[PDB]
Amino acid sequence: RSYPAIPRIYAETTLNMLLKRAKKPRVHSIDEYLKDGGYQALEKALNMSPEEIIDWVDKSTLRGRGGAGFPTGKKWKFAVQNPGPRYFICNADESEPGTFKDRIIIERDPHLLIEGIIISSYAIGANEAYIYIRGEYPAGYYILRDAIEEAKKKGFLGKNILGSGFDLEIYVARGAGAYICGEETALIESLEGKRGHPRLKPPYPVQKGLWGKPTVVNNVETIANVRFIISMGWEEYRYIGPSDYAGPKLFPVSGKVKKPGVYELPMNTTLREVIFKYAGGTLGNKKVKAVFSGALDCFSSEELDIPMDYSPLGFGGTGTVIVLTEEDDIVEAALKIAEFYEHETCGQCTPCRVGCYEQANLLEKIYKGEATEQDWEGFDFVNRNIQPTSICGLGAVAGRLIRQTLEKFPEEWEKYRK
């Protein structure tokens, strides 16, 4: 019925798959979804063996769209190797800076996600699945709750779905402010009603996850691909983009571009094409200084000709593209990244706890011109020493982007040392 206000993010697709409907900024309910063949991939999946579904998802070469790019099929195979019961979790925590790709699927085409969740749950033998959506996506929460009910009413959820003997309930959990709850093990801890504290891995969730049982965690965008793989078949899916890195990919583009929004593009597209061919170029036609890949990586204007794929020389990550131009202060920008990690460390690991804090504190001094010589040397040290003993990816990367700015824009940093 009535939902909270959501800004209308611009969305454009060359492939017309994930954004076939979500390119229009409004909720698409179940009847609209059904008209385009919605839920027919599910019906087809329920007439396949779980094993065959895994095979197809494997041969599609689908990789995790959450940012790490782990092969989805392999992840599923690993889970099914372990005794049940098993759980399936849709990761809708999306809290990386610059990252807003998953919410347009949630808010505009929820049945694409739900259909994927049901197929995926069936494939791994899970009778209980979860969406964990960040607390700052309230509209998404209510839109998902209503869509699940719609799906129930049409017999796509519940006991004995379409006579298949497969049972599934999808529960919707909400976050309450912690970026770390998007880390899959901390998400699980949060689902168990605890603080969002990551666990030592291995074990990976597919071995021990929710209540210690085999648990697959996949990202919203990953799961949104599953309908298509079953629908078109894996061969036809792999014909999209480069054969090595196949399928559609969503690219949330922000900062100093004429046309900020989400672009659905193949992964052979270059970073330069994302910015200039699709996003309309830079505001004021100014020169690109850097692109921040969320809070993970910083690319210079000499690295724009890279593919937006999961290859070694590729952009990788979530596909998040934050554009800075020639008048943007890289130290000011780095401070904002330091501030992020300061606010999100969970504090379990000592170098992460102290390192994230000190990196921000000292960088602020540097930026404000109040840093002693010791503060400077200390900043450098701390930046290189957040990772040690860390048990999750936050600690491992919290200095990464900033270090990249130090190496790629030394002239600008040296000015701050003056």
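Residue numbers here begin at 1 and follow the sequence given.
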Comparing 152 to 160 with 91 to 99, the higher average Cα temperature factor in the PDB entry belongs to 152 to 160
Looking only at CA atoms, which has the higher mean B factor in the entry: 270 to 278 or 181 to 189?
270 to 278
When the entry's CA B-factors for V321, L200, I143, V172 are compared, the highest one belongs to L200
Highest CA temperature factor in the entry: which of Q81, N225, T215, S121?
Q81
Sorting the chain's modelled residues by C-alpha B-factor and splitting them into thirds places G165 in the middle
Which third of the chain does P25 land in by C-alpha B-factor: lowest, middle or highest?
middle
Among the modelled residues of this chain, does the Cα B factor of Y237 put it in the lowest, middle or highest third?
highest
Check where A371 lands among this chain's C-alpha B-factors and tell me if it's the lowest, middle or highest third.
highest
In terms of the chain's CA B-factor thirds, is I391 lowest, middle or highest?
middle
